[PDB]
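K.L.:
Please find one structure pasted underneath; my questions will follow.
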Amino acid sequence: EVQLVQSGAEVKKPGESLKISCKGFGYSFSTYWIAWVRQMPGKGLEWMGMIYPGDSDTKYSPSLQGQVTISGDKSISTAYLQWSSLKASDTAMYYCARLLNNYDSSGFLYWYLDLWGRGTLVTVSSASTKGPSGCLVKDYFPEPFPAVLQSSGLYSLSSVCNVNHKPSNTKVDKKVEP
Amino acid sequence: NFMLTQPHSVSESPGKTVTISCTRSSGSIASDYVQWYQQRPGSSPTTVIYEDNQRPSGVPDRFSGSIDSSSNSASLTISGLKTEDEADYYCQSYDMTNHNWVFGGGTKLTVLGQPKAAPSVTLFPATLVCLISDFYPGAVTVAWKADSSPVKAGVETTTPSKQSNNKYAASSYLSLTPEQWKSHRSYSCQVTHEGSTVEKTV
Amino acid sequence: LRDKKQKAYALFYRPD
């Protein structure tokens, strides 16, 4: 029954503010820490901070350097992660999790993340609709070997040739010879 | 302040036991609690171990956690390996100077369903295209070397993807200017897989 | 000094 609901996916551009939410259903939201974990695509977990909503007591990662804010509204049992100015690096999945606390067989309290949201996917790209350029398909947004999503936000792949990109209406037949 | 180093990949056949170790760079691994999270593909993480060796309800006892102070490491041991355990595992501890959570880099656990396969590498020559294909398990490490000096800038590597034959394939692209290509004498792509390095040069 | 439990309490405990 207990659940954490996170706002839907967001596809924004650099310089845009953003505010993603995490609402708890089925329990006393104000008496448990809510933590935010970032996972950039294809990489590992990163802890960004915590908020105790009862008093909105906040903890941050040393590596945020003021870019983001962690807030809460306990009247609606919601936690918030906020960007004043998004950057391409901020592209990632963002999970919220509840720090549960029960009593162990010793009578002391223990804490761990028992409950997770499905994560808010935040894409931050400047890429506009562009056509592409064995063969080497280069810089084509939007898709469609699997393609690499380069740092420029554009896709590139290789096939080991007739290429077709309907989003941009570009059909190119290349002739490969030594 | 410390780091937690984890092997990139581990593999084992069904039914046997695997261990994933997590070494702390400084300070005693036993001075702060250790948690282990599991993350299956396309799913949110869950805690499999907390407080070094405690298991949340619903996590079987075949998952177990331990601490070795001599090696400054924590370990997650999975017995009776099942195919559903294939996933990324993360260790995590606390830094009390700033109350920060330190995570390990993550370890991909593959349950061997087919014989291991070495990667086929092909280096095409500005953008260098290092195609890696037909390898199992799906975990490789790509390193670009210009002559003898390492390079980490302008490198875009795919995440291994399941092939049609349940093997894995990936590709790496090194972007450079024509001047960088003409300047050096050669470039090299090194693919590390199961402790074996395959190096192609152009 | 503080064991692991005291550190966890210092991190997370809240009076209610």
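Starting from 1 in every chain, residues are counted up; chains themselves are A, B, ... following the order of the structure tokens, and ligands are numbered from 1 as listed.
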Please identify all polymer residues within 12 Å of residue A:15, counting only C-alpha atoms, omitting same-chain residues fewer than 3 positions from it, and present them as a count of residues only.
P.N.:
14
K.L.:
Tell me the residues of chain A close to chain B, meaning within 9 Å using only C-alpha atoms, as a PyMOL selection string.
P.N.:
chain A and resi 42-49+59-62+95+110-119+134+136+145-151+156-158
K.L.:
Restricting the output to N, CA, C and O atoms, write the selected residues as a short mmCIF file (atom, residue, chain, number, x, y, z; two decimals), in the first residue's frame.
P.N.:
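Result written to part.cif:
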data_model
loop_
_atom_site.label_atom_id
_atom_site.label_comp_id
_atom_site.auth_asym_id
_atom_site.auth_seq_id
_atom_site.Cartn_x
_atom_site.Cartn_y
_atom_site.Cartn_z
N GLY A 42 23.92 4.68 -17.68
CA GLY A 42 25.02 3.73 -17.77
C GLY A 42 26.04 3.83 -16.67
O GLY A 42 27.11 3.22 -16.79
N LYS A 43 25.75 4.56 -15.59
CA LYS A 43 26.72 4.75 -14.52
C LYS A 43 26.11 4.38 -13.17
O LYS A 43 25.00 3.85 -13.11
N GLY A 44 26.85 4.64 -12.09
CA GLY A 44 26.47 4.15 -10.78
C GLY A 44 25.66 5.15 -9.98
O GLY A 44 25.40 6.28 -10.40
N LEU A 45 25.26 4.71 -8.79
CA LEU A 45 24.42 5.52 -7.92
C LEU A 45 25.23 6.63 -7.26
O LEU A 45 26.41 6.47 -6.94
N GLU A 46 24.57 7.78 -7.07
CA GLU A 46 25.17 8.93 -6.41
C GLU A 46 24.16 9.53 -5.46
O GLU A 46 23.03 9.85 -5.86
N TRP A 47 24.56 9.69 -4.20
CA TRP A 47 23.70 10.30 -3.19
C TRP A 47 23.80 11.82 -3.30
O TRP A 47 24.90 12.38 -3.28
N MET A 48 22.66 12.48 -3.40
CA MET A 48 22.63 13.93 -3.53
C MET A 48 22.15 14.64 -2.29
O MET A 48 22.54 15.79 -2.06
N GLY A 49 21.33 14.00 -1.46
CA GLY A 49 20.96 14.60 -0.20
C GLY A 49 19.75 13.93 0.42
O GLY A 49 19.21 12.95 -0.10
N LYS A 59 20.15 17.70 4.36
CA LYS A 59 21.56 17.34 4.22
C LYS A 59 21.87 17.25 2.73
O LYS A 59 21.03 16.82 1.94
N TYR A 60 23.08 17.65 2.36
CA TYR A 60 23.47 17.71 0.95
C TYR A 60 24.77 16.97 0.72
O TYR A 60 25.58 16.78 1.63
N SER A 61 24.96 16.56 -0.53
CA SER A 61 26.25 16.03 -0.95
C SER A 61 27.26 17.18 -1.05
O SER A 61 26.90 18.28 -1.47
N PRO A 62 28.52 16.95 -0.69
CA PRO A 62 29.52 18.02 -0.81
C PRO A 62 29.72 18.51 -2.23
O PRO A 62 30.26 19.61 -2.43
N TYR A 95 15.99 9.04 -8.30
CA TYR A 95 15.12 8.28 -7.41
C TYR A 95 14.98 9.00 -6.09
O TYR A 95 15.92 9.64 -5.61
N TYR A 110 17.41 1.01 13.69
CA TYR A 110 18.24 0.89 12.50
C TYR A 110 17.54 1.59 11.34
O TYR A 110 16.32 1.73 11.33
N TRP A 111 18.34 2.04 10.38
CA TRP A 111 17.84 2.79 9.23
C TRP A 111 18.31 2.15 7.94
O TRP A 111 19.45 1.70 7.84
N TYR A 112 17.42 2.11 6.95
CA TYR A 112 17.82 1.74 5.59
C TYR A 112 16.69 2.11 4.64
O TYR A 112 15.55 2.33 5.05
N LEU A 113 17.04 2.18 3.35
CA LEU A 113 16.11 2.60 2.31
C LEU A 113 15.27 1.40 1.89
O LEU A 113 15.72 0.55 1.12
N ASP A 114 14.03 1.35 2.38
CA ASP A 114 13.15 0.22 2.09
C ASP A 114 12.22 0.47 0.91
O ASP A 114 11.77 -0.49 0.28
N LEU A 115 11.93 1.73 0.60
CA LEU A 115 10.87 2.09 -0.34
C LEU A 115 11.41 3.08 -1.35
O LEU A 115 11.97 4.11 -0.97
N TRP A 116 11.25 2.76 -2.64
CA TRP A 116 11.80 3.56 -3.72
C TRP A 116 10.70 3.99 -4.69
O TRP A 116 9.73 3.26 -4.91
N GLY A 117 10.88 5.18 -5.26
CA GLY A 117 10.08 5.57 -6.40
C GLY A 117 10.60 4.92 -7.67
O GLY A 117 11.69 4.36 -7.72
N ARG A 118 9.78 5.01 -8.73
CA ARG A 118 10.20 4.49 -10.02
C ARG A 118 11.24 5.38 -10.70
O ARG A 118 11.75 5.00 -11.75
N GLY A 119 11.55 6.53 -10.12
CA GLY A 119 12.56 7.42 -10.68
C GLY A 119 12.02 8.37 -11.73
O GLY A 119 11.19 8.00 -12.56
N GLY A 134 32.74 -0.44 -43.50
CA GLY A 134 31.32 -0.21 -43.29
C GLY A 134 30.96 1.26 -43.26
O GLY A 134 31.80 2.12 -43.53
N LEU A 136 29.13 4.78 -41.37
CA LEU A 136 29.23 5.50 -40.10
C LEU A 136 28.14 6.57 -40.07
O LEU A 136 28.35 7.69 -40.54
N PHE A 145 24.78 -1.93 -35.19
CA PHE A 145 25.15 -1.68 -33.80
C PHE A 145 24.28 -0.59 -33.17
O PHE A 145 23.89 0.35 -33.85
N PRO A 146 23.97 -0.73 -31.88
CA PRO A 146 23.26 0.36 -31.19
C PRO A 146 24.05 1.66 -31.25
O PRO A 146 25.28 1.66 -31.38
N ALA A 147 23.32 2.77 -31.17
CA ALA A 147 23.91 4.09 -31.31
C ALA A 147 24.43 4.60 -29.98
O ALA A 147 23.89 4.30 -28.91
N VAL A 148 25.50 5.39 -30.05
CA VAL A 148 26.02 6.10 -28.88
C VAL A 148 25.37 7.47 -28.83
O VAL A 148 25.30 8.18 -29.84
N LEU A 149 24.87 7.84 -27.65
CA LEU A 149 24.34 9.18 -27.42
C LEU A 149 25.51 10.05 -26.98
O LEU A 149 25.86 10.12 -25.80
N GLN A 150 26.13 10.71 -27.95
CA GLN A 150 27.35 11.46 -27.70
C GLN A 150 27.10 12.61 -26.73
O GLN A 150 25.96 12.92 -26.37
N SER A 151 28.19 13.25 -26.30
CA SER A 151 28.08 14.39 -25.40
C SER A 151 27.31 15.53 -26.04
O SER A 151 26.69 16.33 -25.33
N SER A 156 24.93 8.41 -32.84
CA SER A 156 25.83 7.93 -33.87
C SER A 156 25.96 6.42 -33.72
O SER A 156 26.08 5.91 -32.60
N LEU A 157 25.92 5.71 -34.84
CA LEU A 157 26.03 4.26 -34.84
C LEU A 157 26.86 3.82 -36.03
O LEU A 157 27.34 4.64 -36.83
N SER A 158 27.03 2.50 -36.16
CA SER A 158 27.77 1.92 -37.27
C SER A 158 27.13 0.59 -37.64
O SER A 158 26.74 -0.18 -36.76
#
K.L.:
Taking only residues of chain C that have an atom at most 8 Å from an atom of chain A, what is each one's shortest atom pair and its distance in Å to one decimal, using only C-alpha atoms, in chain and number order, as CSV?
P.N.:
residue,atom,partner,partner_atom,distance
C:5,CA,A:110,CA,7.8
C:8,CA,A:110,CA,7.4
C:9,CA,A:109,CA,7.8
C:12,CA,A:111,CA,7.7
K.L.:
Mind giving me the straight-line distance from atom CA of residue A:138 to atom CA of residue A:155 in Å, one decimal?
P.N.:
6.7 Å
K.L.:
Report the closest atom pair, with its distance in Å rounded to one decimal, for each residue of chain B that has an atom no farther than 8 Å from chain C; count only C-alpha atoms, sort by chain and then rising residue number, and write it as a Markdown table.
P.N.:
| residue | atom | partner | partner_atom | distance |
| --- | --- | --- | --- | --- |
| B:31 | CA | C:4 | CA | 6.5 |
| B:32 | CA | C:4 | CA | 5.6 |
| B:33 | CA | C:4 | CA | 6.1 |
| B:96 | CA | C:7 | CA | 7.6 |
| B:99 | CA | C:11 | CA | 6.7 |
K.L.:
Taking the chain letters and numbering used in this document, name the residues of stretch 63-199 of chain B that DSSP puts in alpha helix (DSSP H), as a ChimeraX atom specification.
P.N.:
/B:178-183
K.L.:
What residues in stretch 86-122 of chain B get the DSSP label strand (DSSP E)? Please answer as a compact mmCIF listing (two decimals) with N, CA and C atoms, in the first residue's frame.
P.N.:
# COMPACT_ATOMS: atom_id res chain seq x y z
N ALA B 87 22.33 -8.67 -12.02
CA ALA B 87 21.98 -7.29 -11.70
C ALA B 87 23.24 -6.53 -11.29
N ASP B 88 23.09 -5.22 -11.10
CA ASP B 88 24.17 -4.41 -10.57
C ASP B 88 24.05 -4.32 -9.05
N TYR B 89 25.16 -4.52 -8.36
CA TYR B 89 25.20 -4.46 -6.91
C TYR B 89 26.10 -3.32 -6.47
N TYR B 90 25.66 -2.59 -5.45
CA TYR B 90 26.36 -1.40 -4.98
C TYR B 90 26.58 -1.49 -3.48
N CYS B 91 27.80 -1.20 -3.04
CA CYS B 91 28.07 -1.01 -1.62
C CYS B 91 28.03 0.48 -1.29
N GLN B 92 27.73 0.77 -0.02
CA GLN B 92 27.54 2.15 0.41
C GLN B 92 27.85 2.26 1.89
N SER B 93 28.53 3.33 2.28
CA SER B 93 28.81 3.59 3.69
C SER B 93 28.68 5.08 3.94
N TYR B 94 29.03 5.51 5.16
CA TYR B 94 28.85 6.89 5.58
C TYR B 94 30.19 7.53 5.90
N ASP B 95 30.28 8.83 5.62
CA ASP B 95 31.38 9.69 6.02
C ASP B 95 30.82 10.68 7.04
N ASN B 100 28.08 12.44 4.63
CA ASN B 100 27.87 12.10 3.23
C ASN B 100 27.73 10.59 3.07
N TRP B 101 26.99 10.18 2.04
CA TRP B 101 26.90 8.78 1.68
C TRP B 101 27.88 8.51 0.55
N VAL B 102 28.77 7.54 0.75
CA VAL B 102 29.73 7.14 -0.27
C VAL B 102 29.25 5.83 -0.88
N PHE B 103 29.18 5.79 -2.21
CA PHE B 103 28.77 4.61 -2.94
C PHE B 103 29.97 4.01 -3.66
N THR B 107 28.92 -3.20 -9.38
CA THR B 107 29.45 -4.44 -9.94
C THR B 107 28.32 -5.16 -10.66
N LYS B 108 28.52 -5.45 -11.94
CA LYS B 108 27.54 -6.21 -12.70
C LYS B 108 27.76 -7.70 -12.45
N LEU B 109 26.75 -8.36 -11.89
CA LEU B 109 26.77 -9.80 -11.67
C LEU B 109 25.97 -10.47 -12.78
N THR B 110 26.67 -11.29 -13.57
CA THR B 110 26.09 -12.07 -14.65
C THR B 110 26.03 -13.53 -14.22
N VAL B 111 24.88 -14.17 -14.41
CA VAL B 111 24.73 -15.60 -14.18
C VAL B 111 24.98 -16.31 -15.50
N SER B 120 35.39 -9.94 -30.29
CA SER B 120 35.96 -9.64 -31.60
C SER B 120 36.04 -8.12 -31.75
N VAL B 121 37.24 -7.62 -32.05
CA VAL B 121 37.51 -6.19 -32.09
C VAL B 121 37.86 -5.80 -33.51
N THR B 122 37.32 -4.66 -33.96
CA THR B 122 37.61 -4.13 -35.28
C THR B 122 37.76 -2.62 -35.16
